[PDB]
file run-v3.pdb (PDB, C-alpha atoms)
ATOM      1  CA  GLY H   1      -3.087  -7.468 -15.160  1.00  0.00           C
ATOM      2  CA  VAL H   2      -3.858  -6.497 -11.537  1.00  0.00           C
ATOM      3  CA  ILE H   3      -5.875  -8.216  -8.745  1.00  0.00           C
ATOM      4  CA  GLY H   4      -6.137  -6.468  -5.358  1.00  0.00           C
ATOM      5  CA  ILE H   5      -8.279  -7.553  -2.371  1.00  0.00           C
ATOM      6  CA  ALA H   6      -8.799  -5.602   0.931  1.00  0.00           C
ATOM      7  CA  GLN H   7     -10.514  -7.241   3.936  1.00  0.00           C
TER
ATOM      8  CA  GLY U   1      -7.242  -5.758 -16.967  1.00  0.00           C
ATOM      9  CA  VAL U   2      -8.013  -4.788 -13.344  1.00  0.00           C
ATOM     10  CA  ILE U   3     -10.030  -6.506 -10.552  1.00  0.00           C
ATOM     11  CA  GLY U   4     -10.292  -4.758  -7.165  1.00  0.00           C
ATOM     12  CA  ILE U   5     -12.435  -5.843  -4.178  1.00  0.00           C
ATOM     13  CA  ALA U   6     -12.954  -3.892  -0.876  1.00  0.00           C
ATOM     14  CA  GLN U   7     -14.669  -5.532   2.129  1.00  0.00           C
TER
ATOM     15  CA  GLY B   1     -11.397  -4.048 -18.774  1.00  0.00           C
ATOM     16  CA  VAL B   2     -12.168  -3.078 -15.151  1.00  0.00           C
ATOM     17  CA  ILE B   3     -14.185  -4.796 -12.359  1.00  0.00           C
ATOM     18  CA  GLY B   4     -14.447  -3.048  -8.971  1.00  0.00           C
ATOM     19  CA  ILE B   5     -16.590  -4.133  -5.985  1.00  0.00           C
ATOM     20  CA  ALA B   6     -17.110  -2.182  -2.683  1.00  0.00           C
ATOM     21  CA  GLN B   7     -18.824  -3.822   0.322  1.00  0.00           C
TER
ATOM     22  CA  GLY L   1       1.068  -9.177 -13.353  1.00  0.00           C
ATOM     23  CA  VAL L   2       0.297  -8.207  -9.730  1.00  0.00           C
ATOM     24  CA  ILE L   3      -1.719  -9.926  -6.939  1.00  0.00           C
ATOM     25  CA  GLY L   4      -1.982  -8.178  -3.551  1.00  0.00           C
ATOM     26  CA  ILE L   5      -4.124  -9.263  -0.564  1.00  0.00           C
ATOM     27  CA  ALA L   6      -4.644  -7.312   2.738  1.00  0.00           C
ATOM     28  CA  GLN L   7      -6.359  -8.951   5.743  1.00  0.00           C
TER
ATOM     29  CA  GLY V   1       5.224 -10.887 -11.547  1.00  0.00           C
ATOM     30  CA  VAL V   2       4.453  -9.917  -7.923  1.00  0.00           C
ATOM     31  CA  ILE V   3       2.436 -11.636  -5.132  1.00  0.00           C
ATOM     32  CA  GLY V   4       2.174  -9.888  -1.744  1.00  0.00           C
ATOM     33  CA  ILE V   5       0.031 -10.973   1.243  1.00  0.00           C
ATOM     34  CA  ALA V   6      -0.489  -9.022   4.545  1.00  0.00           C
ATOM     35  CA  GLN V   7      -2.203 -10.661   7.550  1.00  0.00           C
TER
ATOM     36  CA  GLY Z   1     -25.444 -12.186  -0.664  1.00  0.00           C
ATOM     37  CA  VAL Z   2     -24.076 -13.402  -4.028  1.00  0.00           C
ATOM     38  CA  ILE Z   3     -22.200 -11.625  -6.881  1.00  0.00           C
ATOM     39  CA  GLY Z   4     -21.214 -13.671  -9.954  1.00  0.00           C
ATOM     40  CA  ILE Z   5     -19.656 -12.345 -13.195  1.00  0.00           C
ATOM     41  CA  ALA Z   6     -18.970 -14.365 -16.424  1.00  0.00           C
ATOM     42  CA  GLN Z   7     -16.862 -12.887 -19.258  1.00  0.00           C
TER
ATOM     43  CA  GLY M   1     -21.289 -13.896   1.143  1.00  0.00           C
ATOM     44  CA  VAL M   2     -19.921 -15.111  -2.221  1.00  0.00           C
ATOM     45  CA  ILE M   3     -18.045 -13.335  -5.074  1.00  0.00           C
ATOM     46  CA  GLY M   4     -17.058 -15.381  -8.147  1.00  0.00           C
ATOM     47  CA  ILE M   5     -15.501 -14.055 -11.388  1.00  0.00           C
ATOM     48  CA  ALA M   6     -14.814 -16.075 -14.617  1.00  0.00           C
ATOM     49  CA  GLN M   7     -12.707 -14.597 -17.451  1.00  0.00           C
TER
ATOM     50  CA  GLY T   1     -17.133 -15.605   2.950  1.00  0.00           C
ATOM     51  CA  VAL T   2     -15.765 -16.821  -0.414  1.00  0.00           C
ATOM     52  CA  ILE T   3     -13.889 -15.045  -3.267  1.00  0.00           C
ATOM     53  CA  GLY T   4     -12.903 -17.091  -6.340  1.00  0.00           C
ATOM     54  CA  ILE T   5     -11.346 -15.765  -9.581  1.00  0.00           C
ATOM     55  CA  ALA T   6     -10.659 -17.785 -12.810  1.00  0.00           C
ATOM     56  CA  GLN T   7      -8.552 -16.307 -15.644  1.00  0.00           C
TER
ATOM     57  CA  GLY S   1     -12.978 -17.315   4.757  1.00  0.00           C
ATOM     58  CA  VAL S   2     -11.610 -18.531   1.393  1.00  0.00           C
ATOM     59  CA  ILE S   3      -9.734 -16.755  -1.460  1.00  0.00           C
ATOM     60  CA  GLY S   4      -8.748 -18.800  -4.533  1.00  0.00           C
ATOM     61  CA  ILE S   5      -7.190 -17.475  -7.774  1.00  0.00           C
ATOM     62  CA  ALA S   6      -6.504 -19.495 -11.004  1.00  0.00           C
ATOM     63  CA  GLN S   7      -4.397 -18.017 -13.837  1.00  0.00           C
TER
ATOM     64  CA  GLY X   1      -8.823 -19.025   6.564  1.00  0.00           C
ATOM     65  CA  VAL X   2      -7.455 -20.241   3.200  1.00  0.00           C
ATOM     66  CA  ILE X   3      -5.579 -18.465   0.347  1.00  0.00           C
ATOM     67  CA  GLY X   4      -4.593 -20.510  -2.726  1.00  0.00           C
ATOM     68  CA  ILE X   5      -3.035 -19.185  -5.967  1.00  0.00           C
ATOM     69  CA  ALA X   6      -2.349 -21.205  -9.197  1.00  0.00           C
ATOM     70  CA  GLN X   7      -0.241 -19.727 -12.031  1.00  0.00           C
TER
END

call {"tool": "encode", "arguments": {"input": "run-v3.pdb", "output": "structure tokens"}}
result
Amino acid sequence: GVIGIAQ
Amino acid sequence: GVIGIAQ
Amino acid sequence: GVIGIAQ
Amino acid sequence: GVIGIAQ
Amino acid sequence: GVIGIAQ
Amino acid sequence: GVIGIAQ
Amino acid sequence: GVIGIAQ
Amino acid sequence: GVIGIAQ
Amino acid sequence: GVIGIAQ
Amino acid sequence: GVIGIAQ
């Protein structure tokens, strides 16, 4: 799977 | 699956 | 599945 | 899988 | 797998 | 605010 | 804020 | 803020 | 802030 | 801040 987080 | 979070 | 969250 | 985090 | 973190 | 998701 | 996801 | 993800 | 991920 | 990842 894929987890991506932009802050 | 895919989880993506933009802040 | 897909979860996407834009803030 | 893939985890990517941008701050 | 792949973990990448940009600060 | 608060967002919570249970699958 | 708070985001929490359980799979 | 807080982001937490359980798989 | 806090980011925590359990797989 | 704090980033923690358990695999």

call {"tool": "resolve_selection", "arguments": {"input": "run-v3.pdb", "expression": "the PyMOL selection byres ((chain M and resi 2) around 6)", "output": "ChimeraX atom specification"}}
result
/Z:2 /M:1,3 /T:1-2

call {"tool": "residues_around", "arguments": {"input": "run-v3.pdb", "residues": "residue 4 in chain H", "least_positions_apart": "4", "cutoff": "6 Å", "atoms": "all atoms listed in the file", "output": "compact mmCIF listing (two decimals) with C-alpha atoms, keeping the file's coordinate frame"}}
result
# COMPACT_ATOMS: atom_id res chain seq x y z
CA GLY U 4 -10.29 -4.76 -7.16
CA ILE L 3 -1.72 -9.93 -6.94
CA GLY L 4 -1.98 -8.18 -3.55
CA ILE L 5 -4.12 -9.26 -0.56

call {"tool": "atom_distance", "arguments": {"input": "run-v3.pdb", "atom1": "CA of residue 7 in chain Z", "atom2": "CA of residue 7 in chain M"}}
result
4.8 Å

call {"tool": "build_atoms", "arguments": {"input": "run-v3.pdb", "residues": "chain X", "atoms": "N, CA and C atoms", "output": "PDB file, keeping the file's coordinate frame"}}
result
ATOM      1  N   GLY X   1      -8.353 -19.159   7.968  1.00  0.00           N
ATOM      2  CA  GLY X   1      -8.823 -19.025   6.564  1.00  0.00           C
ATOM      3  C   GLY X   1      -7.877 -19.706   5.593  1.00  0.00           C
ATOM      4  N   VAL X   2      -8.214 -19.626   4.304  1.00  0.00           N
ATOM      5  CA  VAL X   2      -7.455 -20.241   3.200  1.00  0.00           C
ATOM      6  C   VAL X   2      -7.237 -19.309   1.981  1.00  0.00           C
ATOM      7  N   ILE X   3      -5.973 -19.188   1.562  1.00  0.00           N
ATOM      8  CA  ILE X   3      -5.579 -18.465   0.347  1.00  0.00           C
ATOM      9  C   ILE X   3      -4.811 -19.459  -0.512  1.00  0.00           C
ATOM     10  N   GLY X   4      -5.253 -19.625  -1.758  1.00  0.00           N
ATOM     11  CA  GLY X   4      -4.593 -20.510  -2.726  1.00  0.00           C
ATOM     12  C   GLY X   4      -4.491 -19.822  -4.072  1.00  0.00           C
ATOM     13  N   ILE X   5      -3.309 -19.872  -4.699  1.00  0.00           N
ATOM     14  CA  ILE X   5      -3.035 -19.185  -5.967  1.00  0.00           C
ATOM     15  C   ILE X   5      -2.308 -20.102  -6.971  1.00  0.00           C
ATOM     16  N   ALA X   6      -2.933 -20.362  -8.128  1.00  0.00           N
ATOM     17  CA  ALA X   6      -2.349 -21.205  -9.197  1.00  0.00           C
ATOM     18  C   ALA X   6      -2.001 -20.397 -10.448  1.00  0.00           C
ATOM     19  N   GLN X   7      -0.729 -20.429 -10.846  1.00  0.00           N
ATOM     20  CA  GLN X   7      -0.241 -19.727 -12.031  1.00  0.00           C
ATOM     21  C   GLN X   7       0.441 -20.723 -12.973  1.00  0.00           C
TER      22      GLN X   7
END
